[PDB]
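Side-chain atoms are counted along with the backbone in the values below, which use heavy atoms only and exclude waters and symmetry mates. Within every chain, numbering begins at 1; the chains are lettered A, B, ... in the order of the sequence lines, protein sequences first and strands thereafter. Note that ligands are numbered from 1 as they come in the structure, with each ligand's atoms numbered from 1 the same way.
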2 protein chains.
Amino acid sequence: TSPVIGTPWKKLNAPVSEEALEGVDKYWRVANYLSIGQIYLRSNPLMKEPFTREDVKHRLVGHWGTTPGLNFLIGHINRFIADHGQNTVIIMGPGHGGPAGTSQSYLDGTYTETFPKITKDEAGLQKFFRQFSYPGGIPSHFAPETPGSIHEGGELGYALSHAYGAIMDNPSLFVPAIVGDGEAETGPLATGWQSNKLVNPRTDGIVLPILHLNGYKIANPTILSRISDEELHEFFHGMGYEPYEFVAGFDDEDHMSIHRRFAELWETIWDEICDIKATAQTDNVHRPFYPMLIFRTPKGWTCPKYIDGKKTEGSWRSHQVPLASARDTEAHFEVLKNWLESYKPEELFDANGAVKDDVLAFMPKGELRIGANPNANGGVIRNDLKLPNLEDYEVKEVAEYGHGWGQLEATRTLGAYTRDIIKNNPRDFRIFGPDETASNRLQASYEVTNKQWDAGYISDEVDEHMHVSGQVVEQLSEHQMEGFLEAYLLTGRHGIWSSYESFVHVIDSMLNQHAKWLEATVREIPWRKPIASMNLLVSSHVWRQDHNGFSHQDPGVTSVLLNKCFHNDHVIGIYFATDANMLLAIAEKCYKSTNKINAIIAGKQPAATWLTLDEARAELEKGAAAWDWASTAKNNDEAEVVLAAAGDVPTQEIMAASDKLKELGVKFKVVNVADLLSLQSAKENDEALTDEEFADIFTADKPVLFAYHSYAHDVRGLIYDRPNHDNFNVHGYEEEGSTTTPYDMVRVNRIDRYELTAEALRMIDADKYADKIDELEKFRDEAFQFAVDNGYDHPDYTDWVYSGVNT
Amino acid sequence: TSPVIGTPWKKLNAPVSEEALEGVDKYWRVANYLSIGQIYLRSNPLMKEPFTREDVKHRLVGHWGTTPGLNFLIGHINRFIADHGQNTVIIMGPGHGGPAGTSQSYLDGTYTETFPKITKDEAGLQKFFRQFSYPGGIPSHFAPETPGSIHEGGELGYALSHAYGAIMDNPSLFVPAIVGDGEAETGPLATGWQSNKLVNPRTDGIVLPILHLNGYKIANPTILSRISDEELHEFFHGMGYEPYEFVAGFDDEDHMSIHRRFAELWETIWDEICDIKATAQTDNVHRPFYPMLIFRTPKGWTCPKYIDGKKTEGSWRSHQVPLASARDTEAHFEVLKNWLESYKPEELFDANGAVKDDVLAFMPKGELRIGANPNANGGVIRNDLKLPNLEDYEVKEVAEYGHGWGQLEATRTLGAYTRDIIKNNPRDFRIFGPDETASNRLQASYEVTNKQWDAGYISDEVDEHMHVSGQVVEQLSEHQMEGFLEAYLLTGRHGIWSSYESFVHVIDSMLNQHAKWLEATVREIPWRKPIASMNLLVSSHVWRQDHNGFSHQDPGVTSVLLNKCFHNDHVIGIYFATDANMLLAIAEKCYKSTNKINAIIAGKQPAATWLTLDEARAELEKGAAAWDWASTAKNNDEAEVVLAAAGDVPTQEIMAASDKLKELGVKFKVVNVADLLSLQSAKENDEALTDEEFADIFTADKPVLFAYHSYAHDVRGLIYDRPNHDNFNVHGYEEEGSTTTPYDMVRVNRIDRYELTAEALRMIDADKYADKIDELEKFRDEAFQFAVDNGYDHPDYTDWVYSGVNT
Ligand SMILES: Cc1ncc(C[n+]2csc(CCOP(=O)(O)OP(=O)(O)O)c2C)c(N)n1
Ligand SMILES: Cc1ncc(C[n+]2csc(CCOP(=O)(O)OP(=O)(O)O)c2C)c(N)n1
Ligand SMILES: [Ca+2]
Ligand SMILES: [Ca+2]
């Protein structure tokens, strides 16, 4: 569970001291100086004579525009943290403001504690400026290499989904979430505002949304800066917020007047947030209007108003660098010098290059610091879940009645197990769902918890399994559900979410950014401790989207995840729950895992159980296993064909084909694949089957019929350098299907049992079996015609039960 | 359950027809005519010449002031019921407006269907005017003898508690509840207004409170008529009502315009109530402001404006009769004649004496009639409870280890039993409690239902066992709990309420009124089918109010109920649950019971269990038993003294005395009274023990030591004519006690085991035993001193178990 840090939700009960504001104004000046430093200077950080074009970087990389606004807010938030003792994480939406985030960590001391080479003197300062967005150095964004970051802000949109995920089950946590006014135009951001109806002010922390209304994005004004102020205020009132607006920097008002006005506005906002938290201890079923701050300042604030007779301060022109070169002419270098000199660094550093005591006296200490708070390194908070005994959830009937028994909905088993994990790990585990938790059969969790809902209630006849507090959250937004969970994990908790397989593609780009976050962490951030995995139940999959049709038929997230499977990062898991027992073995491995995205493809549709839990754990350990109890061949040499499957439905059809092939006395080895990456080149993936183990399972020389859940391309790409790879006949999804029957779905994708049988016969001897083949092909048309005439599948398809069952 | 009658919550969707409103004014006129007739005329209803002073009544008995106003309202309600098809019960707050309710029943034709002797002609009018409030006739109030009444309104103040009880689990029922402005000054009424936070507009019906603001009570203006209209409006709004005011009859405005205005306002109020009922099918968690009608009309409306130079219309002087006598002078007869003529009775009756057809054409028919509605005759709705199996609740351990076993809280047993009653009779059974349901140990109910609460919710940390709908209701008003349950039974449902014994006295007057309702019903109202019994758990009793003290120590309710045990009405049960097993037997008896007020005196303290369920049934069947197993005497001749207890605690002390009498070789009978009315004079009660059965149990010649739960005066008055009654030595509560120990409570009322032992010896041989008697007296003064010194009771009192226990 999240730790209670400092003295939360405390009013100052006194005006902000003048000496604190002089601190903030000094922070701002030194942060802006460090920020311009990182962008423009390779050397001479303090402009010791001689200071020349030689000291300026050859390529200017990084963003000024957003930065001075961020520096202003973080200065004021640091003052606020020290005065109040408030557990604070910032979300930097404008992640391209990376200079503001590195400057923060430097100034609060966490940069030097984390990277000892980066000292507090002229030497460290030189290295600090140079290394920014520099080969062999650190990124342009508020990346995971930055202490204080749980949000890089590279792909804009997720500032609010992450803020709200961070405060869930974290009642002492305050999150200023700084939202770009351009970011506000993305879809993900636009729905994120609505998150204030899915958090409770007693059991969760508090998000303060801050609209960085600097008027501009890259090359355009922003919608929200160019609509009437009355429309802007209404918009945020209508999303359940109390909008405050701060305007500064558009006139000659002196900086200390600005700090006084801001510090007083912030404390008035803070006082309302404390009354919300005090009220929540008595009444947490009435949703308050949560403050938010419209922060309207000029983009590029404090840079030169004009450069080359073009407007730069208060323009889109300041977004990257207001001055495109400092090397090209004397005059341009002069501009950089007067700009850097405008902050008066001579008042900010002592002789040996360190920031003066009186610049940092107001700052917070120890774990309250932005860069040192454990919420911003949630692995140090993360505990192992108390897991219940896996054996308690096993489908025992496989052992009694034998392989292929029953018509169980596999995902109900993961539902029972996940229920009891929530029972034993209250406040540490959450399920998210895009209005699909029940549809994906995880509703067993409602036995120990509720859907968290902090909008209106109306009736017990409709409002089932809802409470203002609960470990399940649903909104119809893959972006919200991915976003919430990501931040929950990054702040040291655990969970899972489910989606219909086709609509996983809505958050492909979020999976990408989270993969990339994890790739960077395992590679080069050993201080950033492991977080619980992002566990995604991919269900209501293509083969059984026969009730919804072509729109809902796309297993392609497999292809997308395969694009994050390099360099032995081991940050991606792709699992095919063959059955309920294999789903348990995968759930066990995923729930115990850290630093991964786990895709678990599992049918929710009635299907057979093939494996005992013991057999499934043994198979999962390797990723693929021969099924000796289903093989007719006793060794590889005897085997005329290999029948391999990956997925509940490809396994059903391959297992049905095996039975028809066994009636013709064919010698065939059956193979199951639960771990896609177990098939990956041994050269790329040191956890994959060895080429000797691969050859053992799939044989060295025989024809392999491979029925795959997703697109054949997936497998054909993975096994390019595997032994016997040219003898893989890989059938998968083929962009065929509609509103039809389960049999038609596999038929039309040439993965139905009758086709898989015919293909095996073709691969053994098309001549010897030309007749049986022809008969199979005629049966396929017969079986379709049956569906069209009757409106359900032929009973040969429907009523089949593995020969190996005793009924 | 309560039946769905007519087309409930229907909008009219058109103006009221002129024809309908002509109807209502005729109704008003004829009902004013029938009402003055009942008060003043013994003969010659239609004033056929000669009409003289000899057609008047000698004694003028009945109330006018309220009646014209009631007649106006009832008329307009009948128009409403007929146009809409609305399930409707009225509550006549000013029950002294009896003439209005009888007038109603005659006109709707339920009077002639119930009393075929009272026909629709001059002959029937003559019987009808005579019979009213007249020897060997019918009462002055809206008594139970009147179809449409479930509320006499003799004892003012219960109008709203009855209205709100009536609507509970009755979603089709509409209850216009007419409240006197004088009734409003009473406590029970003043608190009754708040019942709108304890009812739900989906699962319960609607009460429309109508304040009959006629300006006056008997001799005084009413407070609510002489405060500003602004305060009046704010008052009702503050109590969660939408107040509507109708002012009429204080100017020369024509009757037909008054009708037009009123019907408009009525249909506007009805449209609101329909919108409330429609909304509630979707949102029944948000409490609406319920409409209420301030009806401001002159008291005595349509009486002479003056009589003998005294203001009568719009004055307290019309309260009874504005015409003090119609026989004292001729002038006074003229005033009566003129008054009766101003309704133009020749337009209302045909020369036959039938009320014409144009007068009733507008009226409701069938079961929608105020008279015919089954909710006003609840017995016709009353089903038997599906009762669970009494054996399933038995304390089995008395068989195992013998009489006197355990320290169980008896009320917990009653509570598990009643829990299962609710579970099996959903929407048919209710528990009421004045914030004492848990304190009296009846909270097992919370397993299957909740406390009904329709004010605000705030937190799951305080709002336990509470839903907007449930079968348990709690307010800190004994008047509300008693009132709600009364109306719940009258409308043909079942329930129980519990109270601290002392505080049952708050509602003595309501026990009186309901007993009298039941007395009259069983005597001469066979058409009024039998209603479920008013079952009252009387716990937290005098002996174990050692924690609260003197104020909480009053078992008087027994004394009060005995004053309603006559004529073999059998409308009062007074039971003492000896233990949990006696309580189950007493409970089943009460829950199957009808047309009774059952008072069940049972302790909630840890006590011994004396009887199996079979010994309990047996003992309860007759209402007293000899405990063979307890007696040392094997017959009545051998016995030296009879020990008798009524009540758990007297039973304990008597049984402990019995063990000290046993260890001195004394021979004694042990008797237990469970049903107090079994000791009643067999002259007075044909269910009481016969003088033979009595003398058998209590011997005919032996001295009887009687430990009585309550005041000794009770038993001393009940047995005045019983065998061996002068030999009864009755110890009971004697207004001694404080905040003290359990022993000191019995000690200071001379009913402790040591005094009971001493008295048994004093009644055998004051002299032979003067050494044991003196020693017992010295231990009483020595165990009290132990308790003062150590603050718990002497181990001899505390650790005692009956002889006949243990493995
Ligand atoms: C999803 C996405 N689309 C496009 C971009 C490219 N992009 C990066 S910064 C930016 C403008 C952002 O402006 P705003 O949020 O207003 O930031 P600020 O003014 O604070 O720099 C754009 C289009 C992106 N990073 N992410
Ligand atoms: C508790 C109680 N106290 C006193 C009375 C005696 N009583 C009968 S009528 C009456 C006045 C009632 O006036 P209101 O309710 O305003 O009746 P209305 O004006 O409709 O005649 C009184 C004091 C009573 N019935 N009940
Ligand atoms: Ca911007
Ligand atoms: Ca009155």
Starting from the Ca ion (ligand 4), look over the N/O/S atoms of B:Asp181 and name the nearest one. OD1

According to the interplanar angle, ranging from 0 to 90°, do the rings of A:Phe295 and A:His212 count as parallel (below 30°), tilted (30 to 60°) or perpendicular (above 60°)? tilted

Hey, is B:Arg296 close enough to B:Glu245 for a salt bridge, meaning N to O under 4.0 Å? yes

Name the one of A:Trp28, A:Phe250, A:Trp64, A:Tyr216 that satisfies ring pair (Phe, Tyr, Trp, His ring centres under 6.0 Å) with A:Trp301? A:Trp28

Indicate yes or no: at least one non-hydrogen side-chain atom of A:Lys311 is less than 4.5 angstrom from one of A:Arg317. no

Flag B:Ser225 as yes if one of its N/O/S atoms falls below 3.0 Å of the Ca ion (ligand 4), otherwise no. no

Option passing side-chain hydrogen bond (donor to acceptor under 3.5 Å, both in side chains) with B:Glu486 (candidates B:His514, B:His151, B:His162): B:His162

Near ligand 1, at a heavy-atom separation below 4.0 Å: residues by chain and residue number: A:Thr66, A:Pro94, A:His96, A:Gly154, A:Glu155, A:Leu156, A:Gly180, A:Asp181, A:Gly182, A:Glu183, A:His212, A:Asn214, A:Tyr216, A:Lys217, A:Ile218, A:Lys299, A:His319

Any N/O/S atom, backbone or side chain, of B:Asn214 lying under 3.0 Å from the Ca ion (ligand 4)? yes

What is the ring orientation for A:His63 with A:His141, classed by angle as parallel under 30°, tilted 30 to 60°, or perpendicular over 60°? tilted

In terms of the angle between their ring planes, are A:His76 and A:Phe72 parallel, tilted or perpendicular, with boundaries placed at 30° and 60°? tilted

